[PDB]
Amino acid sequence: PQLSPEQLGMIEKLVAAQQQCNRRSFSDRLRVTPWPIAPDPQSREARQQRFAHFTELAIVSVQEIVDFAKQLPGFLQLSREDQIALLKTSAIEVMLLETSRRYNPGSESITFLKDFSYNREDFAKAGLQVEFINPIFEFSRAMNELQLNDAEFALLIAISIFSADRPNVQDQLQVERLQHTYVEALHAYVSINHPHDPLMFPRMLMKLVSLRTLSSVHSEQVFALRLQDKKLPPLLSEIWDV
């Protein structure tokens, strides 16, 4: 009982699509507004510039997720409104998976791009509240403890994008059929590559449950930013605002 060629092929594509999207977006890392070096905790302006930095990288992440979704067999054959329906609601969850994948347990930070580590303090300094920061860090820590590999995050990312219950999905049955294929692949993989760690599979799926909570926490964080200056740039706005 092992992975079929089809599943093997499908996983190779996913892993390759991720690395390639990763570089297709690398070509503009520093093209992002820089991280302040102002030594004033009370500066509203060092603070706005940190928020701008993040919204910029967040837009680069969105583009990358869209680039990766297009590489998913079946996605492009969905209606255009369905593709959007899936992407708008899956976006934050994929970014948080991506976040947990890059969590450095030693320094308690998240590395977004070589020498781009950020801890809890760095995020508070952009004006993000503690009820948003702590759960994400707790989540990334626990995710890191599973020690998933590239194939596993990639499968997990695809399962998340192909959720039939996102608001405004028309073809729920086609979306489910698509998702079933990845879930089935993940199961075979976990069972072949973690032969003496069976709970790995249910633990991975339960992470999809936590994501729904974190998404809700994230949307509260978006409202909170409005109570300040921080409006979201136009792309992030239609995805997340309302």
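The first residue of the sequence shown is number 1, and the count goes up from there.
Q: If you take the mean CA temperature factor per stretch, which one wins between 116-124 and 90-98?
A: For C-alpha atoms only, the mean B-factor is higher in 116-124.
Q: Report the stretch with the higher mean CA temperature factor, choosing between 156-164 and 68-76 on the basis of the entry.
A: Looking at the record's C-alpha B-factors, the answer is 68-76.
Q: Identify, among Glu176, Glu184, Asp197, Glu45, the residue whose C-alpha carries the highest B-factor in the deposited PDB entry.
A: Most elevated C-alpha B-factor of the set, per the entry: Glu45.
Q: Please pick out which of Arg31, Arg212, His53, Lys207 has the largest Cα B-factor as recorded in the entry.
A: So the option with the highest C-alpha B-factor is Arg31.
Q: Would you please rank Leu235 by its C-alpha temperature factor against the other modelled residues of its chain and give the third it falls in: lowest, middle or highest?
A: For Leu235, whose C-alpha B-factor we compare with every modelled residue in the chain, the answer is the highest third.
Q: Based on the entry's values, in what third of the chain does the Cα temperature factor of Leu227 lie: lowest, middle or highest?
A: As the PDB entry reports it, the C-alpha B-factor of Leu227 lands in the highest third of its chain.
Q: Tell me, lowest, middle or highest third: where does the Cα B factor of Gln49 rank within its chain?
A: CA B-factor rank for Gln49: highest third.
Q: Compare the C-alpha B factor of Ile59 with those of the other modelled residues in its chain, then answer lowest, middle or highest third.
A: Middle third.
Q: If you rank the chain by CA B-factor, which third does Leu148 end up in: lowest, middle or highest?
A: CA B-factor rank for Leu148: lowest third.
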